[PDB]
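Trainee: So that we are looking at the same thing, I have put the structure below in structure tokens.
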Amino acid sequence: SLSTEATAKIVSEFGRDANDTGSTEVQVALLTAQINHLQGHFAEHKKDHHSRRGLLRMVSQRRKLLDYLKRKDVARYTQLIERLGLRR
Amino acid sequence: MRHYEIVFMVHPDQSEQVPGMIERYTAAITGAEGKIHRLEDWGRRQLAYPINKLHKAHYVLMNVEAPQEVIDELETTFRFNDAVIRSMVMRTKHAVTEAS
Amino acid sequence: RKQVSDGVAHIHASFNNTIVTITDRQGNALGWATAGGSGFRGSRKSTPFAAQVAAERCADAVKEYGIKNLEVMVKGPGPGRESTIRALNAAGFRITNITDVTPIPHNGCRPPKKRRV
Amino acid sequence: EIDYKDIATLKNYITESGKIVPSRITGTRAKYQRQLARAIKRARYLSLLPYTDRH
Amino acid sequence: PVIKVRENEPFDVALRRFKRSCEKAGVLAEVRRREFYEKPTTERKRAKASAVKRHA
RNA sequence: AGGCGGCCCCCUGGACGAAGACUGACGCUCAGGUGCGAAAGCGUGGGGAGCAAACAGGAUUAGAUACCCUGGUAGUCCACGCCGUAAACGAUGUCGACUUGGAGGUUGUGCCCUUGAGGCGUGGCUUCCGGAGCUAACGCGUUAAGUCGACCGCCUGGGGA
């Protein structure tokens, strides 16, 4: 998944200093940082399906927060989905 | 940083390399910003049954405070090293150095 | 023949029969006899005194080597493995200790289904 | 138990034929008995507790 | 497994030890679990059936 | 949840024990919709100990396409999908509130000179006995089959099916 040092990276940049981890940017960036990792792990194997059941929750929970982000602040919201680079 | 328990035996026929062998690991953890927490040579030790041959054997154990790769890179030297038949890592739960 | 004074009686005591084998230290079997190869057929093959008589027939033709000691091999439940050893007692043998020889599978082959009789 | 290197006390958990004695007779914590097997089957290749006396 | 011969000891005294030695598991009794083919559903309920029998 | 037990690393994930901040209703339910999904089998590339359908042989029987005995194909083990069904049961929808008891276990955790494996609280789960209550009874019975709040699901004689 992601390391504690690499988890510490996402909170600060997408949050208000290093202390805003409840910011959805932390999770989604953490989640965005994670879908690609398992994407790497899932890029190999292709046999880690049940962990891919861990894979979807990231993608779906990623959809949830961004769509959650849309209602609260689009000016902020538009920042991350481009910042997280999904949707066309 | 994770702490790990590293225990590996040098065959009694290989008893001399232990001084040469461990120092390389000493440079192996010292390199990765981690250090040693306990390094004891228990000496040669009897084993009840042969591992496809021979009884008794020489034991060496050392605890580490180093990253996974130096943990992982170190586990590489052991597989290739036929002198070091087995070392398997256990636990972190903070580092300790005690007992006998 | 050849004088050994230290043999080995491998007792295989089947549910139907109790077969014991005499052998030397390297395992090179010297002699061997069966409870069912000693009279008893069908039901009577797997009886203790049937295993006892097997020891009588197994206990002979193995001292012709002049065996003076022989380590023993336990094997499984059933009529033998107790009467065979008793008959071996009749000759005036010595035995220090008896150690279990059971291969304990650690979850190996799929088990057997009970005989739907 | 805790470690595979102390086969001396590990031996009380083995019958004379190398089959690991049930911890139920030996007692020991439920988790502790597991550590015995970890030190025994895999560490076999380290020759900790004998198979049996055949050879 | 070595079953050794001492000096002066009759084969009768160990006679008790002979069956006690392997009765602890039972060579043929555990052989009873490779003679035929059994579904694992049998043992699990074998554990289940035996588990129930084990409640005094 | 099915389902999960020889040993070690990555990662996960969920879960509960003590205080301190954080925001403030941001909650529960869900048609449709979305994922997973015990066992067998099959498709496809391997593997291949046990074996054991089908199927061969020997026995009983009046007869025994079986039970009894020797074989035995598939398959059972590593890789991709499908199939998505079963006594998948505690025959016990989901979430929140109230309520005699009794007696254990295990798992946090303070307390107490542990003055000793103990004594005294604070949570979780769970094991057995049972007040009330209620039930057609059977019994359940503070994890309610006793007392309330929301959503969803479902049945209308037997066979046909």
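Chain labels A, B, ... are given in the sequence in which chains occur in the structure tokens; within each chain residues are numbered consecutively from 1, and ligands are likewise numbered from 1 in the order shown.
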Select all residues from chain D having any atom no more than 10 Å from an atom of chain F (counting only C-alpha atoms (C1' of nucleotides), ignoring ligands), output as a list in words.
Mentor: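 Result, ordered by chain then number: residues 34, 35, 36, 37, 38, 39, 40, 41, 42, 43 and 44 of chain D.
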Trainee: Let's see if you can do this: from backbone DSSP, list all helix (DSSP H, G or I) residues in chain D, as a PyMOL selection string.
Mentor: chain D and resi 7-13+23-26+30-46
Trainee: Write out the residues from the selection above, keeping N, CA, C and O atoms, as a short mmCIF file (atom, residue, chain, number, x, y, z; two decimals), in the first residue's frame.
Mentor:
data_model
loop_
_atom_site.label_atom_id
_atom_site.label_comp_id
_atom_site.auth_asym_id
_atom_site.auth_seq_id
_atom_site.Cartn_x
_atom_site.Cartn_y
_atom_site.Cartn_z
N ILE D 7 16.03 -25.36 21.37
CA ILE D 7 15.39 -26.66 21.19
C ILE D 7 15.39 -27.46 22.49
O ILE D 7 14.70 -28.49 22.58
N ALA D 8 16.15 -27.03 23.50
CA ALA D 8 16.20 -27.76 24.76
C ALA D 8 14.83 -27.83 25.42
O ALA D 8 14.38 -28.90 25.83
N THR D 9 14.16 -26.68 25.56
CA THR D 9 12.81 -26.70 26.11
C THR D 9 11.78 -27.06 25.05
O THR D 9 10.71 -27.60 25.37
N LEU D 10 12.08 -26.78 23.78
CA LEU D 10 11.21 -27.23 22.69
C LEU D 10 11.03 -28.74 22.72
O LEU D 10 10.02 -29.26 22.23
N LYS D 11 12.01 -29.46 23.28
CA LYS D 11 11.98 -30.92 23.28
C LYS D 11 10.89 -31.48 24.19
O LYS D 11 10.39 -32.59 23.93
N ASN D 12 10.51 -30.76 25.24
CA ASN D 12 9.40 -31.22 26.07
C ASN D 12 8.09 -31.26 25.29
O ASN D 12 7.17 -31.97 25.69
N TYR D 13 7.99 -30.51 24.19
CA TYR D 13 6.80 -30.49 23.36
C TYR D 13 6.83 -31.55 22.27
O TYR D 13 5.91 -31.61 21.45
N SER D 23 -0.15 -29.74 22.80
CA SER D 23 0.03 -28.76 23.86
C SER D 23 -1.04 -28.91 24.92
O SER D 23 -0.85 -28.47 26.06
N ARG D 24 -2.16 -29.52 24.57
CA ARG D 24 -3.23 -29.77 25.53
C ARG D 24 -2.69 -30.56 26.71
O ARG D 24 -2.99 -30.24 27.87
N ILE D 25 -1.90 -31.60 26.45
CA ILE D 25 -1.25 -32.34 27.53
C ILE D 25 -0.16 -31.48 28.16
O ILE D 25 0.00 -31.44 29.39
N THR D 26 0.60 -30.77 27.33
CA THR D 26 1.63 -29.87 27.84
C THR D 26 1.04 -28.60 28.43
O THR D 26 1.70 -27.93 29.23
N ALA D 30 -2.61 -20.88 24.45
CA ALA D 30 -3.07 -21.28 23.13
C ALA D 30 -2.21 -20.66 22.03
O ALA D 30 -1.89 -21.34 21.05
N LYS D 31 -1.83 -19.39 22.19
CA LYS D 31 -0.96 -18.76 21.19
C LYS D 31 0.46 -19.30 21.28
O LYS D 31 1.13 -19.47 20.26
N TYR D 32 0.93 -19.60 22.50
CA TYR D 32 2.32 -20.01 22.67
C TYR D 32 2.62 -21.30 21.92
O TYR D 32 3.71 -21.44 21.36
N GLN D 33 1.68 -22.25 21.90
CA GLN D 33 1.92 -23.52 21.21
C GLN D 33 2.18 -23.30 19.73
O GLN D 33 2.97 -24.03 19.11
N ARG D 34 1.54 -22.29 19.14
CA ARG D 34 1.76 -22.00 17.72
C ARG D 34 3.22 -21.65 17.47
O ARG D 34 3.82 -22.10 16.49
N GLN D 35 3.80 -20.83 18.35
CA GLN D 35 5.20 -20.47 18.21
C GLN D 35 6.09 -21.71 18.21
O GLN D 35 7.16 -21.72 17.59
N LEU D 36 5.67 -22.76 18.91
CA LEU D 36 6.41 -24.02 18.87
C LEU D 36 6.51 -24.55 17.45
O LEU D 36 7.60 -24.87 16.96
N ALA D 37 5.37 -24.63 16.75
CA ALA D 37 5.37 -25.15 15.39
C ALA D 37 6.18 -24.26 14.45
O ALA D 37 6.90 -24.77 13.59
N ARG D 38 6.07 -22.94 14.61
CA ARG D 38 6.89 -22.04 13.81
C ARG D 38 8.37 -22.31 13.98
O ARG D 38 9.15 -22.12 13.03
N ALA D 39 8.78 -22.73 15.17
CA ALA D 39 10.17 -23.06 15.42
C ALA D 39 10.51 -24.48 15.01
O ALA D 39 11.67 -24.89 15.11
N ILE D 40 9.53 -25.26 14.56
CA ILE D 40 9.76 -26.69 14.40
C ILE D 40 9.69 -27.09 12.93
O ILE D 40 10.67 -27.62 12.38
N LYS D 41 8.55 -26.87 12.27
CA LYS D 41 8.42 -27.33 10.89
C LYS D 41 9.37 -26.60 9.95
O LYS D 41 10.19 -27.22 9.28
N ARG D 42 9.26 -25.27 9.89
CA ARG D 42 10.12 -24.50 9.01
C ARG D 42 11.56 -24.60 9.47
O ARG D 42 12.47 -24.86 8.68
N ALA D 43 11.78 -24.43 10.78
CA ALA D 43 13.13 -24.51 11.33
C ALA D 43 13.67 -25.93 11.29
O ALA D 43 14.86 -26.13 11.55
N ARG D 44 12.83 -26.92 10.97
CA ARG D 44 13.35 -28.23 10.61
C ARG D 44 14.62 -28.10 9.79
O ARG D 44 15.64 -28.73 10.09
N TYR D 45 14.57 -27.27 8.75
CA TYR D 45 15.68 -27.18 7.82
C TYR D 45 16.89 -26.59 8.54
O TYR D 45 18.01 -26.60 8.00
N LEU D 46 16.68 -26.08 9.75
CA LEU D 46 17.73 -25.75 10.70
C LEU D 46 18.03 -26.87 11.68
O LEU D 46 18.86 -26.69 12.58
#
Trainee: Near chain F, which residues of chain A fall within 8 Å when you count only C-alpha atoms (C1' of nucleotides), and what do they look like as a VMD selection string?
Mentor: chain A and resid 1 to 2 51 53 to 54
Trainee: Create the file for the chosen residues now, containing N, CA, C and O atoms and written as a short mmCIF file (atom, residue, chain, number, x, y, z; two decimals), in the first residue's frame.
Mentor:
data_model
loop_
_atom_site.label_atom_id
_atom_site.label_comp_id
_atom_site.auth_asym_id
_atom_site.auth_seq_id
_atom_site.Cartn_x
_atom_site.Cartn_y
_atom_site.Cartn_z
N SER A 1 0.82 -1.20 0.00
CA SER A 1 0.00 0.00 0.00
C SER A 1 0.86 1.26 0.00
O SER A 1 1.58 1.53 -0.97
N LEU A 2 0.79 2.02 1.08
CA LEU A 2 1.56 3.24 1.22
C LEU A 2 2.30 3.24 2.56
O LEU A 2 1.79 2.73 3.56
N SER A 51 -7.70 -8.91 -3.02
CA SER A 51 -7.10 -7.61 -2.73
C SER A 51 -7.56 -6.56 -3.74
O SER A 51 -7.70 -5.38 -3.39
N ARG A 53 -10.45 -6.53 -4.62
CA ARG A 53 -11.61 -6.09 -3.86
C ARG A 53 -11.20 -5.00 -2.88
O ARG A 53 -12.03 -4.16 -2.50
N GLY A 54 -9.93 -5.00 -2.46
CA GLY A 54 -9.35 -3.80 -1.88
C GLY A 54 -9.06 -2.72 -2.91
O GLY A 54 -9.02 -1.53 -2.59
#
Trainee: Near chain D, which residues of chain E fall within 12 Å when you count only C-alpha atoms, and what do they look like as a PyMOL selection string?
Mentor: chain E and resi 1-4+21-22+24-25
Trainee: Take the residues that were just selected and, keeping N, CA, C and O atoms, output them as an mmCIF file, in the first residue's frame.
Mentor:
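Output file result.cif follows:
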data_model
loop_
_atom_site.group_PDB
_atom_site.id
_atom_site.type_symbol
_atom_site.label_atom_id
_atom_site.label_comp_id
_atom_site.auth_asym_id
_atom_site.auth_seq_id
_atom_site.Cartn_x
_atom_site.Cartn_y
_atom_site.Cartn_z
ATOM 1 N N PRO E 1 12.072 -46.274 14.569
ATOM 2 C CA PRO E 1 12.474 -45.944 15.939
ATOM 3 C C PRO E 1 13.122 -47.116 16.667
ATOM 4 O O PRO E 1 12.600 -48.228 16.648
ATOM 5 N N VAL E 2 14.247 -46.841 17.320
ATOM 6 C CA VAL E 2 15.092 -47.866 17.917
ATOM 7 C C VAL E 2 14.402 -48.393 19.165
ATOM 8 O O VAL E 2 13.958 -47.611 20.014
ATOM 9 N N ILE E 3 14.305 -49.716 19.266
ATOM 10 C CA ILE E 3 13.720 -50.390 20.418
ATOM 11 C C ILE E 3 14.758 -51.384 20.916
ATOM 12 O O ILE E 3 14.770 -52.543 20.489
ATOM 13 N N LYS E 4 15.612 -50.942 21.836
ATOM 14 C CA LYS E 4 16.925 -51.544 22.039
ATOM 15 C C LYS E 4 16.863 -52.672 23.061
ATOM 16 O O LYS E 4 15.873 -52.812 23.788
ATOM 17 N N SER E 21 3.923 -47.959 23.583
ATOM 18 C CA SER E 21 4.774 -47.046 22.831
ATOM 19 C C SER E 21 4.035 -46.411 21.659
ATOM 20 O O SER E 21 4.048 -45.183 21.513
ATOM 21 N N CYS E 22 3.384 -47.217 20.817
ATOM 22 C CA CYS E 22 2.727 -46.658 19.638
ATOM 23 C C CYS E 22 1.231 -46.448 19.846
ATOM 24 O O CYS E 22 0.570 -45.837 18.999
ATOM 25 N N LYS E 24 0.060 -44.407 21.680
ATOM 26 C CA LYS E 24 -0.094 -42.973 21.897
ATOM 27 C C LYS E 24 -0.693 -42.298 20.668
ATOM 28 O O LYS E 24 -1.441 -41.322 20.789
ATOM 29 N N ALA E 25 -0.370 -42.802 19.480
ATOM 30 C CA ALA E 25 -1.040 -42.419 18.246
ATOM 31 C C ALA E 25 -1.778 -43.582 17.598
ATOM 32 O O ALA E 25 -2.938 -43.422 17.207
#
Trainee: Mind checking which residues fall within 8 Å of residue 47 (chain C), counting only C-alpha atoms (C1' of nucleotides), ignoring those fewer than 5 positions away in the same chain, and posting them as a list in words?
Mentor: residues 17, 79 and 80 of chain C
Trainee: Only C-alpha atoms, please: the residues just picked out, written as a short mmCIF file (atom, residue, chain, number, x, y, z; two decimals), in the first residue's frame.
Mentor:
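For reference, again32.cif as written:
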data_model
loop_
_atom_site.label_atom_id
_atom_site.label_comp_id
_atom_site.auth_asym_id
_atom_site.auth_seq_id
_atom_site.Cartn_x
_atom_site.Cartn_y
_atom_site.Cartn_z
CA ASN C 17 -2.73 -60.53 10.37
CA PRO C 79 -4.50 -58.58 17.32
CA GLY C 80 -0.71 -58.75 17.07
#
Trainee: Can you pull out every residue from chain C that DSSP, working from the backbone, puts in strand (DSSP E or B), and format the result as a PyMOL selection string?
Mentor: chain C and resi 6-13+18-23+29-34+69-73+94
Trainee: Which polymer residues have any atom within 10 Å of an atom of residue 37 (chain E), counting only C-alpha atoms (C1' of nucleotides), with same-chain residues fewer than 2 positions away left out, as a list in words?
Mentor: residues 109, 110, 111, 112, 113 and 114 of chain C; 33, 34, 35, 39 and 40 of chain E; 50, 51 and 52 of chain F
Trainee: The selected residues should be written to file as a PDB file, in the first residue's frame (atoms: N, CA and C atoms (P, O5', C5', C4', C3', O3' and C1' of nucleotides)).
Mentor:
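File again-v9.pdb, as written:
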ATOM      1  N   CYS C 109      -2.910 -37.063   3.131  1.00  0.00           N
ATOM      2  CA  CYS C 109      -3.909 -37.525   2.174  1.00  0.00           C
ATOM      3  C   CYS C 109      -5.321 -37.374   2.724  1.00  0.00           C
ATOM      4  N   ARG C 110      -6.281 -37.251   1.814  1.00  0.00           N
ATOM      5  CA  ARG C 110      -7.689 -37.106   2.177  1.00  0.00           C
ATOM      6  C   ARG C 110      -8.133 -38.382   2.881  1.00  0.00           C
ATOM      7  N   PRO C 111      -8.909 -38.299   3.955  1.00  0.00           N
ATOM      8  CA  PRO C 111      -9.131 -39.474   4.805  1.00  0.00           C
ATOM      9  C   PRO C 111     -10.012 -40.505   4.122  1.00  0.00           C
ATOM     10  N   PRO C 112     -10.275 -41.626   4.792  1.00  0.00           N
ATOM     11  CA  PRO C 112     -11.107 -42.678   4.207  1.00  0.00           C
ATOM     12  C   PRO C 112     -12.561 -42.536   4.618  1.00  0.00           C
ATOM     13  N   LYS C 113     -13.440 -43.016   3.747  1.00  0.00           N
ATOM     14  CA  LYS C 113     -14.853 -43.019   4.071  1.00  0.00           C
ATOM     15  C   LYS C 113     -15.209 -44.333   4.763  1.00  0.00           C
ATOM     16  N   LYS C 114     -16.051 -44.233   5.787  1.00  0.00           N
ATOM     17  CA  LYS C 114     -16.402 -45.418   6.557  1.00  0.00           C
ATOM     18  C   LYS C 114     -17.088 -46.434   5.657  1.00  0.00           C
TER      19      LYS C 114
ATOM     20  N   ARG E  33      -6.985 -43.585   8.439  1.00  0.00           N
ATOM     21  CA  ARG E  33      -7.324 -42.351   7.736  1.00  0.00           C
ATOM     22  C   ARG E  33      -6.620 -42.208   6.387  1.00  0.00           C
ATOM     23  N   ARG E  34      -6.054 -43.284   5.848  1.00  0.00           N
ATOM     24  CA  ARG E  34      -5.584 -43.309   4.467  1.00  0.00           C
ATOM     25  C   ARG E  34      -6.051 -44.545   3.713  1.00  0.00           C
ATOM     26  N   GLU E  35      -6.832 -45.418   4.353  1.00  0.00           N
ATOM     27  CA  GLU E  35      -7.283 -46.644   3.700  1.00  0.00           C
ATOM     28  C   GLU E  35      -8.267 -46.359   2.575  1.00  0.00           C
ATOM     29  N   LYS E  39     -14.626 -37.367   2.242  1.00  0.00           N
ATOM     30  CA  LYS E  39     -14.872 -35.955   1.997  1.00  0.00           C
ATOM     31  C   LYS E  39     -14.424 -35.147   3.215  1.00  0.00           C
ATOM     32  N   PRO E  40     -13.827 -33.969   3.024  1.00  0.00           N
ATOM     33  CA  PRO E  40     -13.558 -33.107   4.184  1.00  0.00           C
ATOM     34  C   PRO E  40     -14.811 -32.723   4.942  1.00  0.00           C
TER      35      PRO E  40
ATOM     36  P     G F  50      -1.011 -42.622  -5.593  1.00  0.00           P
ATOM     37  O5'   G F  50      -1.770 -41.875  -4.411  1.00  0.00           O
ATOM     38  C5'   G F  50      -1.844 -42.399  -3.094  1.00  0.00           C
ATOM     39  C4'   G F  50      -3.033 -41.822  -2.379  1.00  0.00           C
ATOM     40  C3'   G F  50      -4.373 -42.266  -2.946  1.00  0.00           C
ATOM     41  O3'   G F  50      -4.852 -43.460  -2.347  1.00  0.00           O
ATOM     42  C1'   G F  50      -4.299 -39.910  -2.903  1.00  0.00           C
ATOM     43  P     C F  51      -4.407 -44.903  -2.903  1.00  0.00           P
ATOM     44  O5'   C F  51      -5.456 -45.216  -4.058  1.00  0.00           O
ATOM     45  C5'   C F  51      -6.853 -45.143  -3.815  1.00  0.00           C
ATOM     46  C4'   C F  51      -7.309 -43.712  -3.750  1.00  0.00           C
ATOM     47  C3'   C F  51      -8.616 -43.394  -4.442  1.00  0.00           C
ATOM     48  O3'   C F  51      -9.745 -43.740  -3.663  1.00  0.00           O
ATOM     49  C1'   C F  51      -6.991 -41.719  -4.904  1.00  0.00           C
ATOM     50  P     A F  52     -10.353 -45.223  -3.752  1.00  0.00           P
ATOM     51  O5'   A F  52     -11.856 -44.991  -4.221  1.00  0.00           O
ATOM     52  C5'   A F  52     -12.659 -43.989  -3.617  1.00  0.00           C
ATOM     53  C4'   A F  52     -13.192 -43.033  -4.652  1.00  0.00           C
ATOM     54  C3'   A F  52     -13.719 -43.683  -5.920  1.00  0.00           C
ATOM     55  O3'   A F  52     -15.053 -44.139  -5.779  1.00  0.00           O
ATOM     56  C1'   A F  52     -12.238 -41.943  -6.499  1.00  0.00           C
TER      57        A F  52
END
Trainee: Taking only C-alpha atoms (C1' of nucleotides) into account, report as a PDB file with C-alpha atoms, in the first residue's frame which residues of chain B lie within 12 Å of chain F.
Mentor:
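New file selection-v4.pdb:
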ATOM      1  CA  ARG B   2      10.729  -1.239  11.511  1.00  0.00           C
ATOM      2  CA  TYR B   4      13.557  -6.944  12.931  1.00  0.00           C
ATOM      3  CA  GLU B   5      15.068 -10.066  14.510  1.00  0.00           C
ATOM      4  CA  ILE B   6      17.837 -11.579  12.362  1.00  0.00           C
ATOM      5  CA  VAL B   7      19.076 -15.060  13.324  1.00  0.00           C
ATOM      6  CA  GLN B  68      13.040  -3.071   4.594  1.00  0.00           C
ATOM      7  CA  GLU B  69      15.458  -3.185   1.643  1.00  0.00           C
ATOM      8  CA  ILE B  71      16.353  -6.085   5.548  1.00  0.00           C
ATOM      9  CA  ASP B  72      15.425  -7.326   2.065  1.00  0.00           C
ATOM     10  CA  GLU B  73      18.883  -6.818   0.552  1.00  0.00           C
ATOM     11  CA  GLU B  75      18.046 -11.580   2.981  1.00  0.00           C
ATOM     12  CA  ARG B  86      18.637 -20.135   7.324  1.00  0.00           C
ATOM     13  CA  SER B  87      17.757 -16.814   8.825  1.00  0.00           C
ATOM     14  CA  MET B  88      14.126 -15.850   9.311  1.00  0.00           C
ATOM     15  CA  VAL B  89      12.962 -12.518  10.724  1.00  0.00           C
ATOM     16  CA  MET B  90      10.449 -12.014  13.543  1.00  0.00           C
ATOM     17  CA  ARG B  91       8.577  -9.022  14.891  1.00  0.00           C
TER      18      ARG B  91
END
Trainee: With chain B as the partner and 6 Å as the cut-off, tabulate the residues of chain D that qualify, each row holding the nearest pair of atoms and their distance in Å to one decimal, using only C-alpha atoms, sorted by chain and rising number, as a tab-separated table.
Mentor:
residue	atom	partner	partner_atom	distance
D:45	CA	B:51	CA	5.8
D:47	CA	B:51	CA	5.4
D:48	CA	B:47	CA	5.8
D:50	CA	B:49	CA	4.8
Trainee: Quote the spacing between CA of residue 78 (chain B) and CA of residue 3 (chain A) in Å to one decimal place.
Mentor: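 Value for the CA of residue 78 (chain B)-CA of residue 3 (chain A) distance: 25.9 Å.
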Trainee: Skipping near chain neighbours, those fewer than 5 positions away, what residues fall within 9 Å of residue 21 (chain C) using only C-alpha atoms (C1' of nucleotides), listed as a PyMOL selection string?
Mentor: chain C and resi 8-12+29-34+58+73
